[PDB]
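In the form deposited in one PDB entry, a lone chain appears below as structure tokens.
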């Protein structure tokens, strides 16, 4: 059963594919499982995001055909600069004025033992290149959803600033 998947970029140590919702079920089945694998690690139960028709899921596949990286993009329209949280004298915040964003990084995850290998970086590249046809997104037109500390350490370096855009906060 040789069935053709969608490559965004090929690398010497893997490739980044993408599963759109209007894809063959063989792709959706795999895409759904690696979601569940991520969400359990990130510690989520029944997410159910909005606009399910336009939510693209990226996967970094190693040379041994193992999904070592996953990223789930979704369309947004405005986001906010992350801010450092004021300390509490007696033992994260976000701006209130929004800026226009185009792509939201819902969840991103790299296999633990394969981290610090630019897998996350290359998947976020793939989104910039291939999220909207015939257009490359900027470091400032992407936003991350409720980033964890690791995530915050990642976006600060990737976006080249400390006040990178984030969304879906409370």
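Superpose the two forms; the largest set of C-alphas matching within 1.5 Å is the rigid core. Only residues modelled in both forms are compared. Residue numbers count along the first chain shown, from 1.
What comes next is about the form solved in complex with a partner chain, which is not displayed.
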| item | value |
| --- | --- |
| Interface residue in the deposited complex among 148, 9, 157, 20, criterion: non-hydrogen atom within 4.5 angstroms of the partner chain | 148 |
| Distance check, residue 26 to the partner chain in the deposited complex, heavy atom within 4.5 Å | no |
| Touches the partner chain in the deposited complex: residue 42 (any heavy atom, 4.5 Å) | yes |
| Partner contact for residue 130 in the deposited complex: the partner chain, 4.5 angstroms, heavy atom | no |
| is_contact(residue 55, the partner chain) in the deposited complex, heavy atom dist at most 4.5 Å | no |
| Partner-facing stretch of 61-69, 138-146, 118-126, 27-35, counted where any non-hydrogen atom is within 4.5 angstroms of the partner chain in the deposited complex | 138-146 |
| Shifted position (C-alpha, 2 Å or more, core held fixed) between this form and the one not shown, chosen from 63, 48, 138, 40 | 48 |
| Residue 30 and residue 51, C-alpha gap in the deposited complex relative to this structure (3 Å or more) | closer |
| Sense of the change in Cα distance from residue 77 to residue 49 in the deposited complex - at least 3 Å versus the shown form | farther |
| Segments displaced between this form and the one not shown (3 or more residues, each Cα shift of 2 Å or more, core-superposed) | 44-54, 88-90 |
